[PDB]
Amino acid sequence: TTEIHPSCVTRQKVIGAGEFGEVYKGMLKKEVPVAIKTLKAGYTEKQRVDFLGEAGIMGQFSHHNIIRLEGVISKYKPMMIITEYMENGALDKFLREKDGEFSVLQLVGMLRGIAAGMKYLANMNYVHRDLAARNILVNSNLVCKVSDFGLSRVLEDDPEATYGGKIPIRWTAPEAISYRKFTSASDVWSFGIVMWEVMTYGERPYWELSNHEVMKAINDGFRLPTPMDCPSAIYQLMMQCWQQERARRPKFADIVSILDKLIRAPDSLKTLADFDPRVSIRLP
Ligand SMILES: Cc1cccc(Cl)c1NC(=O)c1cnc(Nc2cccc(C(=O)N[C@H]3CC[C@H](O)CC3)c2)s1
């Protein structure tokens with residue numbers, strides 16, 4: 001891991017803030033824009049291990065759809081992790097603020113990028129456990145990159161994860177909820193939810209259903225309905241990600257292949273799944 005001298009880093013604007021540090025937009029020494037995450041003095045041994053552990057994991061990866069680590073400051077205080085800066089922020093908020101502004105082909109291209117990053121992680125034997133649009137970042141080329149790495153810190157730090165242990169119920173596969181079995185196949189389930197988030201421009205999965213109601217619905221066989229304006233092939237793929245039996249789900253290699261083929265023959269995306277209206281408007 002590259003050790004960066006603190007003189008090389010200029011923090012400029014807060015883009016995120018927790019109890020034990022903040023995330024900043026800044027510049028790294030022409031200077032390049034970076035994101036900078038800090039850990040304030042007084043941190044515990046566990047906080048230090050978790051904090052630097054995220055950088056340790058990220059430093060092992062080199063892929064277009066995985067957030068790139070620039071370096072760390074560990075000799076001086078506060079400690080910092082420095083990464084590339086993703087100008088458009090988190091994917092969930094991005095889509096909610098840009099409702100209806102993209103083509104279907106653009107949305108599917110986002111999903112292909114996410115799937116390629118996840119294929120790489122799975123092949124590298126890294127189980128994400130918290131794949132969700134809120135943990136994808138977007139740059140000024142519309143490239144989506146997987147973020148949020150670590151061991152216990154990932155689910156501990158995510159407010160959407162509630163007390164299995166602490167898990168983000170609406171994104172989590174049944175076996176991970178029931179018996180704590182997190183694998184690349186549970187990440188595939190989560191990817192199906194991400195597909196639904198993207199195609200709905202950031203709708204909250206299951207809407208207002210409670211966590212217990214979501215689990216009951218899934219166990220009874222119910223699944224999220226098709227988004228409006230959703231290609232049939234895309235809805236079919238997300239439904240395959242949500243198979244109860246883990247072994248029946250596609251692997252990320254299969255997902256990447258299908259999405260690639262759909263993008264290469266974009267007319268395939270013009271066939272839409274039927275949308276079930278929740279409102280009836282009748283006029284004579
Ligand atoms: C710095 C760093 C350290 C460890 C791991 C990682 Cl992945 C990173 N890098 C980053 O966090 C980021 C890289 N680029 C980023 N761009 C960016 C720009 C603008 C807003 C956000 C962002 O995440 N905003 C959040 C702030 C929290 C609120 O819920 C609203 C949504 C992110 S964050």
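Positions of Cβ are generated from backbone atoms using ideal geometry, with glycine treated the same way; all protein chains shown enter the neighbour counts. Any read-out appearing in this document is the output of simple, stated calculations on the displayed coordinates, not a laboratory observation.
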Taking Rh as the Kirkwood radius computed over C-alpha pairs, what is the Stokes-Einstein D of the range 193-233 at 4 °C in a medium of viscosity 1.567 mPa s, expressed in µm² per second? 117
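Taking the radius of gyration and the Kirkwood hydrodynamic radius from Cα positions alone, what is the Rg/Rh ratio for the range 1-86, to two decimal places? Kindly include the intermediate steps, with their values, before the conclusion.
Values: Rg = 12.2 Å, Rh = 13.0 Å.
Here Rg/Rh amounts to 0.94.
Starting with the highest mean, order 102-114, 255-267 by the number of other Cβ atoms within 10 Å, averaged over the residues of each peptide.
Put in order of decreasing packing, that is 102-114, 255-267.
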Residue-averaged [θ]222 nm for the chain, counting only DSSP H segments that reach four residues, each worth -39500 (n - 2.57): -10500 deg cm²/dmol
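Magnitude of the Cβ-charge dipole of the chain, K/R +1 and D/E -1, about the Cα centre, nearest 20 debye?
For this selection, approximately 460 debye.
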Largest-first principal axis extents of the Cα set of the range 117-213 (Å): 39, 32, 22
One finds the C-alpha centres of the range 155-214 and the range 54-89 to be spaced, in Å, by 25
Along principal axes, Cα extents of the range 5-49, largest first, whole Å: 36, 22, 13
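Over the chain, what is the percentage of antiparallel beta bridges among all DSSP beta bridges, to the nearest 5?
Values: 30 of 32 bridges.
If I count the DSSP bridges inside the chain, around 95 percent turn out antiparallel.
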Taking a ≥ b ≥ c as the square roots of the eigenvalues of the Cα gyration tensor of the range 87-284, is the shape rounded (a/c under 1.5), prolate (a/b larger than b/c) or oblate? rounded
If you take the alpha carbon radius of gyration of the range 226-284 and divide it by 2.2 N^0.38 Å, what ratio comes out, to two decimals? 1.44
Three principal axis lengths of the range 100-158 [C-alpha, angstrom, descending]: 37, 25, 16
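For the pairs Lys13/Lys40; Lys29/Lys93; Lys119/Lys145; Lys37/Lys119; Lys13/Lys37, flag any whose C-alpha to C-alpha distance is greater than 19 Å.
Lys29/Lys93; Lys37/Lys119
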